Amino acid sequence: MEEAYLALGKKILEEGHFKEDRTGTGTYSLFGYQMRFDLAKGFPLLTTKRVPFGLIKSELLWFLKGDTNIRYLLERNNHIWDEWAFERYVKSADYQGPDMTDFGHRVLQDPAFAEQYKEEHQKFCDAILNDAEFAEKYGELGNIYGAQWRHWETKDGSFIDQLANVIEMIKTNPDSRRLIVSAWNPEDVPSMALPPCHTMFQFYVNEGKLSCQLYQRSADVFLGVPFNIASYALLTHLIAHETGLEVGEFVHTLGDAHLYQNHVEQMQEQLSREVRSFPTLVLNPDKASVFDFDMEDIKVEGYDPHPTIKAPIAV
């Protein structure tokens, strides 16, 4: 239910402990939460604020083809991953622009500096889009989601195709209590841009409906969780389609759920708006496998949200 996501946000606002975080921004936070979304009751794309389904749609596609380089996201005009690639870049020997230490916060503080940033980030983007060698070096975020989903590296010079394996298991072994996918690779976690927040997920089959639980170690509640919800609903639907099942529930389970302190006002304005109907998701029936979908194959129809509420992303 939309109300479930809203109730969490309210609860964090109302009874969240204040907490310093890796980004030095400041958060309000709980530990341990669970919300359920019945997918039969609408595709859970938030209606109390416009959420851009395109960006969700193309980040997931990016996950599904194993890709960890942001060039693909740039091609489809998705900048939601840029900052971490930009951070790697500025901190390398190859960057000789103006100083960028702590840019996450400084572009909020100083307007002149935000022009300096706006420029350098632009150049970064264009370099990624056009120089292949640059792209190869500075578009790469490490063995994040696509790598662990598609290409978990084995001790003996090979790789496990975790997503595929589990889709196949749904088909032949639906009562399996082992239908798990993990992004959490201890080996790789030091070398990733950010260790997987949406960390592990598990599937369940009952009476011809597929349900999914995701275990999220860390949830940015205003900016993060709207995306994640929609992302995992999509994936459940796409897997349903393949495996010929109907949709069950998404269960979203959180460790540290938190509100960035400069999202407090946004969440407040969000909380005063009236919930509307979730839209309907329509898939292209011609496409056979989860790995076969492209962006024009997934649409959400009947989506009438309240206006965008903008907020700054904590780097």
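Just count from 1 along the sequence shown to find any residue number. Note that the rigid core is defined as the largest set of C-alphas that superpose within 1.5 Å between two forms.
Given a rigid core fit, name the stretch, 297-305 or 21-29, whose C-alphas are on average farther from the form shown here in 4 other deposited structures of this protein. Comparing 21-29 with 297-305, the one that moves more in 4 other deposited structures of this protein is 21-29.
Between 87-95 and 236-244, which has the larger RMS C-alpha deviation from this form in 4 other deposited structures of this protein after core superposition? With the rigid core superposed, the C-alphas that lie farther in 4 other deposited structures of this protein are those of 87-95.
Do the C-alpha atoms of 205-213 or of 157-165 have the higher average B factor in the entry? So the stretch with the higher mean C-alpha B-factor is 205-213.
Which of the two stretches, 217-225 or 138-146, shows the higher mean Cα temperature factor in the record? Between 217-225 and 138-146, it is 138-146.
Would you mind checking which of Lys65, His258, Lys49, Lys287 has the top Cα temperature factor in the PDB entry? Comparing C-alpha B-factors across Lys65, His258, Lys49, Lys287, the maximum falls on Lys287.
Which of these, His151, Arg177, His79, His241, has its C-alpha atom at the highest B-factor, as the entry lists it? Largest recorded C-alpha B-factor: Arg177.
Ranking the modelled residues of this chain by C-alpha B-factor as given in the entry, is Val90 in the lowest, middle or highest third? Middle third, going by the recorded CA B-factors of the chain.
Based on the entry's values, in what third of the chain does the Cα temperature factor of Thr236 lie: lowest, middle or highest? Lowest third of the chain for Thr236's C-alpha B-factor.
Comparing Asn262 with the other modelled residues of its chain, is its CA B-factor in the lowest, middle or highest third? Answer is highest: the recorded C-alpha B-factor places it there.
Chain-wide C-alpha B factor ranking for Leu30, given as lowest, middle or highest third: Lowest third, going by the recorded CA B-factors of the chain.
Could you look up the Cα B-factor of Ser182 in the entry and say which third of the chain it sits in: lowest, middle or highest? According to the entry, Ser182 has a C-alpha B-factor in the chain's lowest third.
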